[PDB]
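Q: Sharing data-v6.csv, CSV, C-alpha atoms:
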chain,number,residue,atom,x,y,z
U,1,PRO,CA,2.1,8.4,11.5
U,2,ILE,CA,1.0,7.9,7.9
U,3,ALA,CA,-2.6,7.2,6.6
U,4,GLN,CA,-3.4,6.1,3.2
U,5,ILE,CA,-7.1,6.4,2.6
U,6,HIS,CA,-8.7,4.5,-0.2
U,7,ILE,CA,-12.1,5.9,-1.3
U,8,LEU,CA,-14.4,5.8,-4.4
U,9,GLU,CA,-14.0,8.8,-6.6
U,10,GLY,CA,-16.7,11.4,-7.1
U,11,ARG,CA,-16.3,13.5,-4.0
U,12,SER,CA,-15.6,17.3,-4.1
U,13,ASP,CA,-12.3,18.9,-3.2
U,14,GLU,CA,-14.1,20.4,-0.1
U,15,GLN,CA,-15.4,17.0,1.0
U,16,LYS,CA,-11.9,15.4,0.6
U,17,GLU,CA,-10.2,18.3,2.4
U,18,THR,CA,-12.7,17.8,5.3
U,19,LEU,CA,-11.8,14.1,5.1
U,20,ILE,CA,-8.1,14.9,5.5
U,21,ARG,CA,-8.6,17.2,8.5
U,22,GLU,CA,-11.1,15.0,10.5
U,23,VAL,CA,-9.1,11.8,9.9
U,24,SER,CA,-5.8,13.6,10.9
U,25,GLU,CA,-7.5,14.8,14.1
U,26,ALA,CA,-9.0,11.3,14.6
U,27,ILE,CA,-5.4,9.9,14.3
U,28,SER,CA,-3.9,12.5,16.6
U,29,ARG,CA,-6.6,12.1,19.3
U,30,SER,CA,-6.4,8.4,19.4
U,31,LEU,CA,-2.6,8.2,19.8
U,32,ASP,CA,-1.7,11.4,21.7
U,33,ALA,CA,0.5,12.2,18.7
U,34,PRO,CA,1.2,15.8,17.5
U,35,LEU,CA,-1.3,16.8,14.8
U,36,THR,CA,1.6,18.3,12.8
U,37,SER,CA,3.2,14.8,12.6
U,38,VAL,CA,0.1,13.3,11.0
U,39,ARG,CA,0.3,12.7,7.2
U,40,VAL,CA,-2.7,11.7,5.1
U,41,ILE,CA,-2.7,10.8,1.4
U,42,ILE,CA,-5.8,10.1,-0.5
U,43,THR,CA,-6.2,7.5,-3.3
U,44,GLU,CA,-9.4,7.5,-5.4
U,45,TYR,CA,-10.8,4.5,-7.2
U,46,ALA,CA,-13.1,4.5,-10.3
U,47,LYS,CA,-16.1,2.2,-9.9
U,48,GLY,CA,-14.6,-0.3,-12.3
U,49,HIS,CA,-11.6,-0.5,-10.0
U,50,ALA,CA,-13.4,-1.5,-6.8
U,51,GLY,CA,-14.9,-4.8,-5.9
U,52,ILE,CA,-17.1,-6.1,-3.0
U,53,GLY,CA,-17.7,-9.8,-3.3
U,54,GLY,CA,-16.3,-10.2,-6.8
U,55,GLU,CA,-18.7,-7.6,-7.9
U,56,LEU,CA,-18.2,-3.9,-8.7
U,57,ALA,CA,-19.3,-1.3,-6.2
B,1,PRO,CA,-13.5,3.0,2.2
B,2,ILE,CA,-10.2,1.5,3.3
B,3,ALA,CA,-7.7,3.2,5.6
B,4,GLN,CA,-4.1,2.0,6.0
B,5,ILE,CA,-2.5,3.6,9.0
B,6,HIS,CA,1.2,3.3,9.4
B,7,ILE,CA,2.5,4.0,12.9
B,8,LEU,CA,5.6,3.4,15.0
B,9,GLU,CA,5.2,0.6,17.4
B,10,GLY,CA,5.2,1.1,21.2
B,11,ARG,CA,1.6,2.4,21.6
B,12,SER,CA,-1.0,0.5,23.6
B,13,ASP,CA,-3.8,-1.9,22.5
B,14,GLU,CA,-6.7,0.5,23.5
B,15,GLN,CA,-5.2,3.4,21.6
B,16,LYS,CA,-5.2,1.3,18.5
B,17,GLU,CA,-8.8,0.2,19.1
B,18,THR,CA,-9.8,3.9,19.6
B,19,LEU,CA,-7.8,4.7,16.4
B,20,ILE,CA,-9.9,2.2,14.5
B,21,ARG,CA,-13.2,3.4,15.7
B,22,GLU,CA,-12.7,7.2,15.4
B,23,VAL,CA,-10.9,7.0,12.0
B,24,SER,CA,-13.8,4.8,10.9
B,25,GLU,CA,-16.2,7.3,12.4
B,26,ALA,CA,-14.5,10.4,10.8
B,27,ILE,CA,-14.5,8.7,7.4
B,28,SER,CA,-18.1,7.9,7.6
B,29,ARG,CA,-19.0,11.5,8.5
B,30,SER,CA,-16.8,13.1,5.9
B,31,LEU,CA,-18.1,10.9,3.1
B,32,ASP,CA,-21.5,10.1,4.5
B,33,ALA,CA,-20.9,6.4,4.0
B,34,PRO,CA,-22.1,3.7,6.3
B,35,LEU,CA,-19.7,2.7,9.1
B,36,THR,CA,-20.0,-0.9,8.0
B,37,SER,CA,-18.4,0.0,4.7
B,38,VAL,CA,-15.3,1.5,6.5
B,39,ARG,CA,-12.3,-0.7,7.1
B,40,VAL,CA,-9.2,0.2,9.0
B,41,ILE,CA,-5.9,-1.7,9.1
B,42,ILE,CA,-3.0,-0.8,11.2
B,43,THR,CA,0.7,-1.5,10.5
B,44,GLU,CA,3.3,-1.0,13.2
B,45,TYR,CA,7.0,-0.3,12.5
B,46,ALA,CA,10.0,-1.1,14.6
B,47,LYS,CA,12.6,1.7,15.0
B,48,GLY,CA,14.9,0.1,12.4
B,49,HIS,CA,12.1,0.1,9.8
B,50,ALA,CA,11.3,3.8,9.7
B,51,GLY,CA,13.2,6.8,8.1
B,52,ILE,CA,12.7,10.5,8.1
B,53,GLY,CA,16.0,12.0,7.0
B,54,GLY,CA,17.8,8.9,5.9
B,55,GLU,CA,18.0,8.3,9.7
B,56,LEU,CA,16.1,5.9,12.0
B,57,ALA,CA,13.2,6.6,14.3
F,1,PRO,CA,1.4,-7.3,-11.8
F,2,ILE,CA,1.6,-7.0,-8.0
F,3,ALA,CA,-1.0,-8.1,-5.5
F,4,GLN,CA,-0.8,-7.2,-1.9
F,5,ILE,CA,-3.4,-9.1,0.1
F,6,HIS,CA,-4.3,-8.0,3.6
F,7,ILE,CA,-5.7,-10.7,5.8
F,8,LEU,CA,-6.4,-11.4,9.5
F,9,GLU,CA,-4.0,-13.8,11.1
F,10,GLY,CA,-4.9,-17.4,11.9
F,11,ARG,CA,-4.7,-19.1,8.5
F,12,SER,CA,-2.7,-22.2,7.8
F,13,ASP,CA,0.5,-22.4,5.8
F,14,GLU,CA,-1.4,-24.4,3.2
F,15,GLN,CA,-4.2,-21.8,2.9
F,16,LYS,CA,-1.8,-19.0,2.3
F,17,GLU,CA,0.2,-21.0,-0.1
F,18,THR,CA,-3.0,-21.9,-1.9
F,19,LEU,CA,-4.0,-18.2,-1.9
F,20,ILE,CA,-0.7,-17.3,-3.6
F,21,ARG,CA,-1.3,-20.0,-6.2
F,22,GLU,CA,-5.0,-19.3,-7.0
F,23,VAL,CA,-4.7,-15.5,-6.9
F,24,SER,CA,-1.7,-15.6,-9.3
F,25,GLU,CA,-3.6,-17.8,-11.7
F,26,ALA,CA,-6.6,-15.5,-11.6
F,27,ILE,CA,-4.4,-12.5,-12.3
F,28,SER,CA,-2.6,-14.2,-15.2
F,29,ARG,CA,-5.8,-15.5,-16.8
F,30,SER,CA,-7.9,-12.3,-16.3
F,31,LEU,CA,-5.3,-10.1,-17.9
F,32,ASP,CA,-3.6,-12.5,-20.3
F,33,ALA,CA,-0.3,-11.8,-18.5
F,34,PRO,CA,2.5,-14.3,-18.1
F,35,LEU,CA,2.3,-16.2,-14.7
F,36,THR,CA,5.9,-15.6,-14.0
F,37,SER,CA,5.3,-11.9,-14.0
F,38,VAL,CA,2.8,-12.1,-11.2
F,39,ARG,CA,4.0,-11.4,-7.7
F,40,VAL,CA,1.9,-11.7,-4.6
F,41,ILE,CA,2.7,-10.6,-1.0
F,42,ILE,CA,0.7,-11.4,2.0
F,43,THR,CA,0.4,-9.2,5.1
F,44,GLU,CA,-1.3,-10.6,8.3
F,45,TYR,CA,-3.1,-8.5,10.9
F,46,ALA,CA,-3.8,-9.4,14.5
F,47,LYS,CA,-7.4,-8.7,15.2
F,48,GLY,CA,-6.6,-5.6,17.2
F,49,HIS,CA,-4.9,-4.2,14.1
F,50,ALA,CA,-7.9,-4.7,11.8
F,51,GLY,CA,-11.2,-2.8,12.0
F,52,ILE,CA,-14.7,-2.5,10.6
F,53,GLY,CA,-17.1,0.4,11.4
F,54,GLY,CA,-15.7,0.9,14.9
W,1,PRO,CA,-9.8,-9.7,3.4
W,2,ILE,CA,-8.4,-6.9,1.3
W,3,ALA,CA,-6.4,-7.2,-2.0
W,4,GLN,CA,-4.6,-4.3,-3.5
W,5,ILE,CA,-3.8,-5.1,-7.2
W,6,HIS,CA,-1.2,-3.1,-9.1
W,7,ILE,CA,-1.3,-3.5,-12.9
W,8,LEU,CA,0.0,-1.8,-16.0
W,9,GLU,CA,-2.6,0.5,-17.7
W,10,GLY,CA,-4.1,-0.4,-21.0
W,11,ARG,CA,-6.7,-3.1,-20.2
W,12,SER,CA,-10.5,-2.9,-20.9
W,13,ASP,CA,-13.2,-2.5,-18.3
W,14,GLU,CA,-14.3,-6.1,-18.9
W,15,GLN,CA,-10.9,-7.5,-18.3
W,16,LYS,CA,-10.6,-5.6,-15.0
W,17,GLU,CA,-14.1,-6.6,-14.0
W,18,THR,CA,-13.1,-10.3,-14.6
W,19,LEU,CA,-9.9,-9.6,-12.6
W,20,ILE,CA,-11.9,-8.4,-9.6
W,21,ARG,CA,-14.3,-11.3,-9.7
W,22,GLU,CA,-11.9,-14.1,-10.4
W,23,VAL,CA,-9.4,-12.9,-7.8
W,24,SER,CA,-12.1,-12.5,-5.2
W,25,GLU,CA,-13.3,-16.0,-5.7
W,26,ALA,CA,-9.8,-17.3,-5.5
W,27,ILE,CA,-9.3,-15.5,-2.2
W,28,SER,CA,-12.6,-16.9,-0.9
W,29,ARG,CA,-11.8,-20.5,-1.8
W,30,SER,CA,-8.2,-20.4,-0.6
W,31,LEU,CA,-9.1,-18.9,2.8
W,32,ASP,CA,-12.6,-20.3,3.3
W,33,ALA,CA,-13.8,-16.7,3.7
W,34,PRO,CA,-17.2,-15.4,2.8
W,35,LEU,CA,-17.0,-13.8,-0.7
W,36,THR,CA,-18.8,-10.7,0.4
W,37,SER,CA,-16.0,-10.0,2.9
W,38,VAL,CA,-13.4,-9.9,0.1
W,39,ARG,CA,-12.5,-6.5,-1.1
W,40,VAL,CA,-10.4,-5.7,-4.2
W,41,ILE,CA,-9.1,-2.4,-5.4
W,42,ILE,CA,-7.2,-1.9,-8.6
W,43,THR,CA,-4.4,0.6,-9.2
W,44,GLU,CA,-3.2,1.3,-12.8
W,45,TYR,CA,0.3,2.5,-13.7
W,46,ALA,CA,1.5,4.3,-16.7
W,47,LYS,CA,4.6,3.0,-18.5
W,48,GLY,CA,6.7,5.7,-17.0
W,49,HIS,CA,5.6,4.8,-13.5
W,50,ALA,CA,6.7,1.2,-13.3
W,51,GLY,CA,10.3,-0.2,-13.2
W,52,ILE,CA,11.9,-3.6,-13.5
W,53,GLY,CA,15.6,-3.5,-12.9
W,54,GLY,CA,16.0,0.3,-12.9
W,55,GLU,CA,14.4,0.3,-16.4
W,56,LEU,CA,10.8,1.2,-17.2
W,57,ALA,CA,8.2,-1.5,-17.7
O,1,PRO,CA,7.9,11.7,-0.5
O,2,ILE,CA,6.9,8.4,1.0
O,3,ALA,CA,8.6,5.1,0.0
O,4,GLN,CA,7.1,1.7,1.1
O,5,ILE,CA,9.7,-1.0,0.6
O,6,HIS,CA,8.5,-4.6,0.7
O,7,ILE,CA,11.3,-7.1,1.2
O,8,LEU,CA,11.8,-10.7,2.3
O,9,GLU,CA,12.8,-11.1,5.9
O,10,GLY,CA,16.3,-12.2,6.8
O,11,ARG,CA,18.2,-9.0,6.5
O,12,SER,CA,20.2,-7.5,9.3
O,13,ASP,CA,19.3,-4.2,11.1
O,14,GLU,CA,22.4,-2.6,9.6
O,15,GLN,CA,21.4,-3.6,6.0
O,16,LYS,CA,18.0,-2.1,6.5
O,17,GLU,CA,19.4,1.1,8.0
O,18,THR,CA,21.6,1.3,4.9
O,19,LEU,CA,18.5,0.7,2.8
O,20,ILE,CA,16.7,3.6,4.4
O,21,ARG,CA,19.6,5.9,4.0
O,22,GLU,CA,20.5,5.0,0.4
O,23,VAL,CA,16.9,5.1,-0.8
O,24,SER,CA,16.2,8.4,0.9
O,25,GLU,CA,19.3,9.9,-0.6
O,26,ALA,CA,18.3,8.6,-4.0
O,27,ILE,CA,14.8,10.1,-3.6
O,28,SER,CA,16.2,13.4,-2.4
O,29,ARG,CA,18.9,13.5,-5.2
O,30,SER,CA,16.6,12.4,-8.0
O,31,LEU,CA,13.8,14.9,-7.1
O,32,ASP,CA,16.0,17.7,-5.7
O,33,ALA,CA,13.8,17.5,-2.6
O,34,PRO,CA,15.0,18.2,1.0
O,35,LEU,CA,16.2,14.9,2.6
O,36,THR,CA,14.2,15.6,5.7
O,37,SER,CA,11.0,15.5,3.7
O,38,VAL,CA,11.7,11.9,2.6
O,39,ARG,CA,10.1,9.1,4.5
O,40,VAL,CA,10.9,5.4,4.2
O,41,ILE,CA,9.0,2.5,5.7
O,42,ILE,CA,10.0,-1.2,5.5
O,43,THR,CA,7.7,-4.2,5.5
O,44,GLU,CA,9.2,-7.7,5.8
O,45,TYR,CA,7.8,-10.9,4.4
O,46,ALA,CA,8.3,-14.5,5.4
O,47,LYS,CA,9.0,-16.8,2.5
O,48,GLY,CA,5.5,-18.3,2.8
O,49,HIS,CA,3.9,-14.9,2.5
O,50,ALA,CA,5.6,-14.1,-0.9
O,51,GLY,CA,5.0,-15.6,-4.3
O,52,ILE,CA,6.6,-15.4,-7.7
O,53,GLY,CA,4.5,-17.2,-10.3
O,54,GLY,CA,2.1,-18.8,-7.9
O,55,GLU,CA,5.1,-20.4,-6.1
O,56,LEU,CA,6.9,-19.4,-3.0
O,57,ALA,CA,10.0,-17.4,-3.9
V,1,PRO,CA,11.9,-6.4,-3.3
V,2,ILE,CA,9.0,-4.1,-4.1
V,3,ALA,CA,9.1,-0.3,-3.7
V,4,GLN,CA,6.0,1.9,-3.8
V,5,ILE,CA,7.0,5.6,-4.0
V,6,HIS,CA,4.4,8.2,-3.2
V,7,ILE,CA,5.2,11.7,-4.6
V,8,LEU,CA,3.4,14.9,-5.4
V,9,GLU,CA,2.4,15.2,-9.0
V,10,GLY,CA,3.9,17.7,-11.4
V,11,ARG,CA,7.2,16.0,-12.4
V,12,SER,CA,8.3,15.2,-16.0
V,13,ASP,CA,8.6,11.7,-17.3
V,14,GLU,CA,12.4,12.0,-17.3
V,15,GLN,CA,12.8,13.0,-13.7
V,16,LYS,CA,10.5,10.1,-12.6
V,17,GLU,CA,12.6,7.7,-14.8
V,18,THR,CA,15.6,8.9,-12.9
V,19,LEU,CA,13.8,8.4,-9.6
V,20,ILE,CA,13.0,4.8,-10.5
V,21,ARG,CA,16.5,3.9,-11.6
V,22,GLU,CA,18.3,5.5,-8.6
V,23,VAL,CA,15.9,4.0,-6.1
V,24,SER,CA,16.3,0.6,-7.8
V,25,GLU,CA,20.1,0.9,-7.6
V,26,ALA,CA,19.9,1.9,-4.0
V,27,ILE,CA,17.8,-1.1,-3.1
V,28,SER,CA,20.0,-3.6,-5.0
V,29,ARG,CA,23.0,-2.0,-3.4
V,30,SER,CA,21.7,-1.9,0.2
V,31,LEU,CA,20.4,-5.5,0.3
V,32,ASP,CA,22.8,-7.3,-2.0
V,33,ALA,CA,19.9,-8.3,-4.2
V,34,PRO,CA,20.0,-8.7,-8.0
V,35,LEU,CA,18.9,-5.5,-9.7
V,36,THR,CA,16.5,-7.5,-12.0
V,37,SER,CA,14.6,-8.5,-8.9
V,38,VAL,CA,13.9,-4.9,-7.9
V,39,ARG,CA,10.5,-3.5,-8.7
V,40,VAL,CA,9.5,0.1,-8.3
V,41,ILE,CA,6.0,1.6,-8.8
V,42,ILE,CA,5.2,5.3,-8.6
V,43,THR,CA,2.0,6.8,-7.3
V,44,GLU,CA,1.4,10.5,-7.7
V,45,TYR,CA,-0.8,12.7,-5.6
V,46,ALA,CA,-2.6,15.9,-6.5
V,47,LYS,CA,-2.2,18.8,-4.0
V,48,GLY,CA,-5.8,18.3,-2.7
V,49,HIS,CA,-5.0,14.7,-1.9
V,50,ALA,CA,-2.1,15.2,0.5
V,51,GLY,CA,-2.3,16.5,4.1
V,52,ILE,CA,0.2,17.4,6.8
V,53,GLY,CA,-1.6,18.3,10.0
V,54,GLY,CA,-5.2,18.3,8.7
V,55,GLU,CA,-4.1,20.9,6.1
V,56,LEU,CA,-3.1,20.6,2.4
V,57,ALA,CA,0.4,21.4,1.1
Step by step, read the file and then write its structure as structure tokens.

A:
Amino acid sequence: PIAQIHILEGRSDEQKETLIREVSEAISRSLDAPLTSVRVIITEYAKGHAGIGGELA
Amino acid sequence: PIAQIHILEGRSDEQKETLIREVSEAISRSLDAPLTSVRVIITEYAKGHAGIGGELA
Amino acid sequence: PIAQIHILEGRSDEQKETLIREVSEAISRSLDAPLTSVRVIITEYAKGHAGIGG
Amino acid sequence: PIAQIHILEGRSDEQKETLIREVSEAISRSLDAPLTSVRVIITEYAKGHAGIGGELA
Amino acid sequence: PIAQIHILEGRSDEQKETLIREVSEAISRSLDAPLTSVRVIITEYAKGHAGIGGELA
Amino acid sequence: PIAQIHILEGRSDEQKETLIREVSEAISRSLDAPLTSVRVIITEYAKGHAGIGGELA
């Protein structure tokens, strides 16, 4: 299983590594899939690259 | 935050509902963002649409 | 420019055709890019495949 | 509704802000969906990262 | 490496198996990366879900 | 056809140009599609943005 996670930039390396672990575990638990088979890639977005309702976040 | 989860098909409806909640939950925790801001979309793949070594799965 | 639009299923052929038209125009106009260079792909999601906050 | 938009780098913030807004409205009108439910994320690509026909764009 | 390939529907299983192999080999060869580390996932699009210039392809 | 290729950062422009071409050739070859219709976009990921099993690379 492969997860692409789109988040706004500004988080620390530690916060994002925690994100990777917990999401991977969340994926593994929900599916009864081996944790080792879980892949996560993070994509960050600058504020001028993210919209909610036609307006920037 | 937006999470795209790519999985092989064949798993049950409830697992995918659990997947959505817990991934949503894990992201909210890791980033301390409101759950309402978290969106999860699942894409399933038939065996002929997935490769790992140039070979199907 | 490439736009991938993720939507919940249930929309009409006309709405999704209109979506392609209007999004393409918006991209071309906003960026001053040639319309012919704009590609849009639509992906539908059954409700059980799309989630908000749980 | 979620729109991921891939564009070549080199545009100004104002153009990309117009892009997010104008695209979001277009999605809202076309689908009869609430504007606030429309999400747009922009990804920029350097010239060496985009190909059209095996050749860089 | 992860490759998402978006194509119009209508191809045979065998063509798409070839797609997975040939692309995976190309990724492995171009990058000098182990073939086993290369993942390919295919997404198909009906003609009404794909546009080239605001018009269906 | 549209190919998004996710790779770890650190490669030179020349290798990634080779990646784009060979992947483009493989796609055209596999599907019997005109090369000019093949689009490839590369997205790079820093080491802290990629996880395999809850852990970084």

Q: One number please: atom CA of residue W:57 to atom CA of residue O:2, in Å, one decimal.

A: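 Between these atoms lies a distance of 21.2 Å.
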
Q: If the cut-off is 12 Å, can you tell me the residues of chain V near chain F, counting only C-alpha atoms? I'd like them as a compact mmCIF listing (two decimals) with C-alpha atoms, keeping the file's coordinate frame.

A:
# COMPACT_ATOMS: atom_id res chain seq x y z
CA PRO V 1 11.90 -6.40 -3.30
CA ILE V 2 9.00 -4.10 -4.10
CA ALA V 3 9.10 -0.30 -3.70
CA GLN V 4 6.00 1.90 -3.80
CA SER V 37 14.60 -8.50 -8.90
CA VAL V 38 13.90 -4.90 -7.90
CA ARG V 39 10.50 -3.50 -8.70
CA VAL V 40 9.50 0.10 -8.30
CA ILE V 41 6.00 1.60 -8.80

Q: Please provide as a list in words all residues within 6 Å of stretch 43-46 of chain U, with the sequence filter that same-chain residues fewer than 6 positions apart are discarded (counting all atoms listed in the file).

A: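 The residues satisfying every condition are residues 6, 7, 8 and 9 of chain U.
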
Q: Give the residues of chain O that lie within 9 Å of chain V; count all atoms listed in the file, and format the answer as a ChimeraX atom specification.

A: /O:1-8,11,15-27,29-31

Q: Hey, can you check how far atom CA of residue B:53 sits from atom CA of residue V:10?

A: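 Those two atoms sit 22.7 Å apart.
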
Q: What does the distance between atom CA of residue F:21 and atom CA of residue W:52 come to in Å, to one decimal place?

A: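 So the two atoms, atom CA of residue F:21 and atom CA of residue W:52, lie 22.3 Å apart.
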